[PDB]
Amino acid sequence: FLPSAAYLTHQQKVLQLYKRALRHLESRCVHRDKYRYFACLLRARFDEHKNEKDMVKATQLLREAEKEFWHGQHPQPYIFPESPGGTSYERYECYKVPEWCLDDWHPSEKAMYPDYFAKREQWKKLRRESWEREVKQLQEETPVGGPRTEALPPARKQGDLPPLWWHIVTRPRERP
Amino acid sequence: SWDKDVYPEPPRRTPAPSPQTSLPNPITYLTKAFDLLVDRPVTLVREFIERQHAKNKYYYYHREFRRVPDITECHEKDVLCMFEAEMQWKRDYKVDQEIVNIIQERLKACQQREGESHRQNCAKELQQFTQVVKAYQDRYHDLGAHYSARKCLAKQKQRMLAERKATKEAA
Amino acid sequence: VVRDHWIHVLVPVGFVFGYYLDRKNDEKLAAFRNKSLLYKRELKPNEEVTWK
Amino acid sequence: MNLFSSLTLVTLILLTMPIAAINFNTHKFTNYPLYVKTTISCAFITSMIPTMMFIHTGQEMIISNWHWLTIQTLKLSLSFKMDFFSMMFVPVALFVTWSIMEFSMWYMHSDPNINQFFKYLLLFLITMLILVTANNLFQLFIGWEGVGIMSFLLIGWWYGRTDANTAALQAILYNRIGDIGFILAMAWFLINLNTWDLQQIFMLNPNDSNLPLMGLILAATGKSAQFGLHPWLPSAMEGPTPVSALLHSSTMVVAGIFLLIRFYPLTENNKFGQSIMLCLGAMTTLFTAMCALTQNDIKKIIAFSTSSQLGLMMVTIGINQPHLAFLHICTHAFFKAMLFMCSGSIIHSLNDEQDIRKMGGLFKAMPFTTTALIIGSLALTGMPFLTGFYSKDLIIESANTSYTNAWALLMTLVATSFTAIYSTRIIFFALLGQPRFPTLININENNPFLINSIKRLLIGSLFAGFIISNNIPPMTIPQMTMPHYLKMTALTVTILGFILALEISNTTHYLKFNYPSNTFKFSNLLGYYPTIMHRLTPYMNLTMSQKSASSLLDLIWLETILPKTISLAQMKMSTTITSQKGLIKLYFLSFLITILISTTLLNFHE
Amino acid sequence: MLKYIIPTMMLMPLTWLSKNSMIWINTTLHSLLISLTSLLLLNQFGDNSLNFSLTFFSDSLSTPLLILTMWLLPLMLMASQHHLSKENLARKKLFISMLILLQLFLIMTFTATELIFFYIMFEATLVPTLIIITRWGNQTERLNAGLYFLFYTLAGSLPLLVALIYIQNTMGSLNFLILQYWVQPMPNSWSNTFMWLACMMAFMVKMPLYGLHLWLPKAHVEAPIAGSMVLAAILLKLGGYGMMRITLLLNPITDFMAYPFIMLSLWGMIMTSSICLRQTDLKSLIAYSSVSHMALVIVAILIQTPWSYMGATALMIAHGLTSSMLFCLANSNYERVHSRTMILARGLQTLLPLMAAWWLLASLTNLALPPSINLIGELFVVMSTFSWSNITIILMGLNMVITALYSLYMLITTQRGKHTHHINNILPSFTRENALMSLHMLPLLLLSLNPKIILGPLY
Amino acid sequence: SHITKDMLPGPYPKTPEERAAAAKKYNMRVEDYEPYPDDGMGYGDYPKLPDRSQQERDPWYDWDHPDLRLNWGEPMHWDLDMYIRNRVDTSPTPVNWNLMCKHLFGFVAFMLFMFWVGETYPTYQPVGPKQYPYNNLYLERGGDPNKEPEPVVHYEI
């Protein structure tokens, strides 16, 4: 369930296991120095059988490693206050008013803010002028009838903006 | 105003506090300042408004009724007899509900005046409360929402006939 | 003021008409003028009426 | 009396003018926080005076006016009184909330929606004040559901954040179970004593007091975050910080047991009632005490701590000592308002990381908040003559010197040891250890409003416990005749708890990495009660809502039984009648057999 | 009462011979003047009712419902543009005149002296609503909804006429006083049981109770806002009004025969509050809410306590206001996004900052907020039913818990947490919609100050 | 403006045409399409999914609808109203489920058992009654001012 590929990798799965076990050992192990000791012990335990030339033995050790990890996890791991489940986790989703709005104002409030609305007008002209031919030709020129991936190509032909940029550039500041 | 014999009040009992030691007494200074800042101007305003009231003179009277005879003297159908009968009964019902309200307010006031000893000087009012409310429970209670007057007289006949059978068994 | 716009005068005059006709019905139903056993005083002071 | 009644009514009426200020605003203010803070200060400085007159003379009173729907034998007005509890509680709440106005000037300065916030919080104060002044029981119910719904809004302040509105939904659900308990008690009072009025109800003593007191127990264990309905309290901590401070330090959480403190002449009798009281209190006390161990957030530790304190107050109602429970309300209110406000100061100073892991080094990082935390988490246990001595230790003395349940005593004893050890662990992980918090630090307390608020509440929690707890008329018999090891036992248990927690701390200094043994899990996962019940009962009710209610009973079966069978009967009879090909011989044979069946079979000439 | 009948007639050719873009102002202004004149009625005192003829008379049950009808007319007549403002002048005038004629038959029905006249004006109220919801239903099953509405309400309501003719020619006339002052008990035979079942089952169809309630939600989700609000508020509370009047006869047999209807109403109140917790189609939640609250009303009518009748009429009026307003907010959100669903139109705390106050205040008047009239009604029904039996208060409080749950879920679903950021057509809130919200809420709070009006006959 | 044949009458049979139409219609893989089956509970031919799907779907994929975990073209499992975050969280638990309910019910049974053992075996300090002066404090009980003067006295010990 990832945008660029279908399966992660074997190495990617071992690597996610390593980051999750190291994070849970952070949360388990306070005072940071016994943490550093146990983290180097874990790094050594990965080093002792990292260089095995098989593949079914690699997935064997991976599967038993998930067993002996899920035995020893921590109930409330220290997740950061931006991660899902965290303390904040879009705390300031109260104030992410999107920018398809702000055009439905009365013109007196538009007369209070001259320069920002003039520059929004020139950005909106830049959106409307460079939408049809360039973006739709690059989106209906390079793909096959099945796209088979979600990475979209940059604009490297001659000039202007990359395709499908508007609701990725004009997103809110995430600390308004 | 109000009659002192329908909403009774016991006489006042108020001590004179003898201060042992001398700090003295912040609330006495504060209540004299309260008197001078609140009690005088509101009294002057009320006296002005009362003079403006007593320039002219309105009067409102109390509405009073007569005694239309009975429901026991009305016949089989006779709708222009039962009408006066049941409206007279319904006005008795309203004023009797307010009798119960007066007695229950007396019970509340006996609770709050007599303090943390409830059972001293509240036995008489609780006694008359249980008396009048025993009368109400006997007389108006178990008839429901579509009372007109006739279910009350049917309850009257049924209760006195049952007590007639009870005293015949007691004979 | 009337023939300038005559549309807003319609329902207040209709209500005045209905009020007049309710008073006319009340004058039509004027039996038992002083024949109730409760609301019955002698007629006074001037002329013949206690409600209309 | 003029001064007494007039000043109580202006303490109620000063908390209506800023609502008029926002309603008639029309040109938006900037000093509206300053306005709300100075009117709360004026409300406190007019609420000090009639309490002083109350202790100086006595002179309790009720006021009652503007009766509406005086329909049957009852009548109900806006009727509120000031007695011992009813005006010994109000200045404490106003004082606490004025300090929270200071701290919420500071903490919520950088969010531009501050005016609606102070509107909501002032309206919450108004509703809880209406709850603690009234004697008409319906007005108590008004204050009840009003503080329930303002608790809903202030928990769900941060829109977005599905944890917050999940929390608010859980809080309003357990408040409606408080409502079903309270309306059962109200129904029994109406039908058996013609009213809901505390004067008349206390005037009698109805002896069959089982159904109303069971309803009161259900309402109190709903509103006061207790066992069976407790786990909404850390979830309620998941909102903003001064919200949680006001909402679960002084107000909104004592309103469960304040009702039982009000109904002391009705719970004089009914030994079954007091047995239920103190069994429930001991269960809550041990359960949230053991659940408070191995918690790694600040606010959830403080929520489990205040749940244990309300457990001691239910024990205090189980033993016949209501006035000690009220004294514990007051001191507890000062104390944990100060504790929440100090933790909110630290959390906003340290970029809101908010957790006990990655929290450590804060002593000498300016030590005003560390002084606040050590005074607080000192005062939580029994410290021999501080504010937390008087209430809690008179509670355990009167609990030990009584005809008790003999296991509830042991539960309160063990949970006093547990509150000693999580107080020690919150001190040790919050202030003492090696500093574990990320660089580019801007730890800041050069700040007027923060130090003024913390200053005002430390001055509160040092003196006002004694000042309140000494000059009151003795409404009970103090015990005062204990043996040895029954008066000493409070300090004995707190000291052995400190030794136990300090040796656990020095084992945390070691390095062994022991595996958990599932009692760690049982104390760490909030208990298994939130996970088990919140995954069963939302799944069971809605699984029976989709199958039975949604698809099965209404739509599919009721649309087959009433429309479909009738419509199919009409369709089949029509397709049998009108499906006639046009041959005339069939029609005249029908005429002939009609004539014969009318003559000889079913007679019509006879 | 003729002073209220005849300007309702006179307000109809107003709409025809007013010119283009001037029918609106004249009809709104004159119906609001009719609302003031309607509020001048409230004279009713003490002993008797008031008689506005041998044809018209007003009990104190009929007074607040009549003022509710003549107050809900101009609110609706303003509420029903922007989904027919682009339509024709003739069809627009036909719609407005249809609402005026429906008001006329509702006034006919609420000031009905005779029960025969009450039945005729009952189904005369039934007539135009089918035409309204079918011609402007704006969905594809409006035919099915109007047809189920018609045949349910007739086929339940129809042997009521036969029972009323039988009472007409076995006891003389059917004035409510001479039906009263003469009514004799009717013993436990079987023909009396069928007469009771005919009358009470006709009104059971009209309320509805649980076994007959799929009548309603199609007629609300597949109907315009005018037919929806009039249908819910005035037609269901008119059915309750009718049961209140006709239950004065048949005094002894209701104790014998009125247990299973109490049962079906209670258990279906619980199941209906459960079914409106998990649905989509935002309009339908208020419909099943109305089914739950009128099942509570039915329990309140069939138990026969004065506390129960006061709580019943208070619950009727408060729920009529609340459910009509909440229908109107649902139509406002549907005009914002052409969805009718619930999980789509998310966000709306950030955008539309004022609409949150009306959603919250309507959801709290549906929550039974304690000074409001809704809790007054529900509280007296709970008091009376706990006097009925000591065990049935569990179902009442469980209804209370689930009612708070689904109402506040309906709040925090549509208008809490994240805009779906692909909507980008919603405009800021007009003055019209907020004027409608202020016309709904402010009479409810001003009755919450002084509810001695809306408590009915047994005040 | 919508096709009438994008709704869903009838169950799975027959196997080539209706399964091909449903797989093209629900934007699903052919072997991933599963009807319920047709036990007659309604349900049409709407697919069966792995039924939990909302505390999974790791939130760093950055799909369209952030607080719903949908992606505009998923078949939207039949019970989604019961499955949103803020309704039901079927996360993989840190312990178990059966072992959890066993420990909880055993602990609640133990606490209520010890409360019953307490309720049959109280504690008390070695102390007689509270001795009341005037006839077990008569005339400040329920009353009867002249009915029952009950002779009871206390003695100094």
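Chains as they are written, first to last, in the deposited numbering: chain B9, 2 to 177; chain BJ, 3 to 173; chain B1, 6 to 57; chain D5, 1 to 606; chain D4, 1 to 459; chain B8, 2 to 158.
Note that the Cβ used here is the ideal one computed from N, Cα and C, for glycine as well.
- Excluding residues up to 5 positions away in sequence, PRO21 lie with their Cβ nearer than 8 Å to the Cβ of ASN27 (chain BJ) in the same chain.
- Leaving aside the five residues that flank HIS77 (chain BJ) on each side, the residues in its chain whose CB is nearer than 8 Å to its CB run, in chain order, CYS83.
- Between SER284 (chain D4) and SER545 (chain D5) a beta carbon distance of about 14 Å is seen, past the 8 Å cut, so the two are scored as non-contacting.
- Close to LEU3 (chain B9), with beta-carbon spacing below 8 Å, are these residues of chain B8 in chain order: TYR62.
- Taking 4 residues as the shortest admissible run, the stretch 171-233 of chain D4 contains the following complete alpha helix (DSSP H) segments, listed from N- to C-terminal end: 176-179, 191-206, 215-221 and 225-229.
- Excluding the 5 residues flanking it on each side, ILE73 (chain BJ) has same chain C-beta neighbours closer than 6 Å at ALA87 and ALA151, in chain order.
- Annotation: the continuous beta strand (DSSP E) that includes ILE63 (chain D5) extends over 61-65.
- Not one beta carbon of chain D4 lies nearer than 8 Å to the beta carbon of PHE37 (chain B1).
- Taking a Cβ-Cβ cut-off of 7 Å, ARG115 (chain BJ) has no neighbours in chain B8, whose nearest Cβ is about 17 Å from it.
- Boundaries of the beta strand (DSSP E) around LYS81 (chain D5): 78-82.
- Taken in chain order, the members of the stretch 275-286 of chain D5 whose beta-carbon sits within less than 9 Å of a beta-carbon on chain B8 are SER275, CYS279, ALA282, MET283 and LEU286.
- Measuring C-alpha to C-alpha distances from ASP33 (chain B8) to each of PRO95 (chain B8), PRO48 (chain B8) and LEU81 (chain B8) identifies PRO48 (chain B8) as the nearest.
- Residue-level contact by beta carbon fails for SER24 (chain BJ) and chain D4, as no gap is shorter than 8 Å.
- Residues of chain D4 whose Cβ lies closer than 8 Å to the Cβ of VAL98 (chain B9) are, in chain order, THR350 and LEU351.
- Note: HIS66 (chain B8) is bridge-paired with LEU71 (chain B8) in the DSSP secondary-structure output.
- Apart from the 5 residues on each side of it in sequence, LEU264 (chain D4) sits with its Cβ closer than 7 Å to the Cβ of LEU209, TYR210 and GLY211 in its chain, given in chain order.
- In this structure, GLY178 (chain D5) sits away from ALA168 (chain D5), with a CB-CB distance that is not shorter than 8 Å.
- Interface flag for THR341 (chain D4) against chain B8 is unset, since no Cβ pair is found closer than 8 Å.
- Identification of residues in the stretch 93-122 of chain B9 having a C-beta nearer than 8 Å to some C-beta of chain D4 yields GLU94, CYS95, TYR96, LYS97, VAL98, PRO99, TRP101, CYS102 and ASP105, given in sequence order.
- Distances from the alpha-carbon of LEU321 (chain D4) to those of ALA233 (chain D4), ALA368 (chain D4) and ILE303 (chain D4) put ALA233 (chain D4) closest.
- In the displayed model, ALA368 (chain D4) falls within coil according to three-state DSSP, outside both helix and strand.
- With contacts defined by Cβ atoms closer than 8 Å, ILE393 (chain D4) and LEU184 (chain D5) form a contacting pair.
- Here the stretch 66-75 of chain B9 does not lie against the stretch 141-149 of chain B9, with fewer than 3 beta-carbon pairs under 8 Å apart.
- A straight line joining the alpha-carbon of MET22 (chain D4) with that of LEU282 (chain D4) spans about 34 Å.
- Taking all protein chains in view, the Cβ of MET204 (chain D4) is crowded by 16 or more other Cβ atoms within 10 Å, so the residue is classified as buried.
- Looking only at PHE326 (chain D5), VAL493 (chain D5) and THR387 (chain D5), the smallest Cα-Cα distance to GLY465 (chain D5) is reached by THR387 (chain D5).
- Taking 7 Å as the upper bound on Cβ-Cβ separation, chain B8 lies near residues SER119, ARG121 and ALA125 of the stretch 110-136 of chain BJ.
- DSSP lists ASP297 (chain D5) as the beta-bridge partner residues of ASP355 (chain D5).
- Chain-ordered listing is empty here: chain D4 has no CB closer than 7 Å to the CB of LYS6 (chain BJ), the nearest sitting near 29 Å.
- Against chain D5, a Cβ distance below 7 Å from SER387 (chain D4) picks out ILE191.
- CA-to-CA, the gap between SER235 (chain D5) and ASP163 (chain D5) works out to about 8 Å.
- Between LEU380 (chain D5) and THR370 (chain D5), the C-beta spacing is not below 8 Å.
- Residue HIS230 (chain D5) holds the alpha-carbon nearest to the alpha-carbon of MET533 (chain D5) among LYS455 (chain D5), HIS230 (chain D5) and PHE428 (chain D5).
- One finds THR247, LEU248, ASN251 and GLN304 in chain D4 with Cβ atoms closer than 8 Å to the Cβ of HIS148 (chain BJ), taken in chain order.
- In this model, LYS300 (chain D5) and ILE126 (chain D5) are separated by some 27 Å (Cα to Cα).
- In its chain, beyond the 5 residues on either side, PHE335, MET338, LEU339 and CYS342 have a beta carbon closer than 7 Å to the beta carbon of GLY376 (chain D5).
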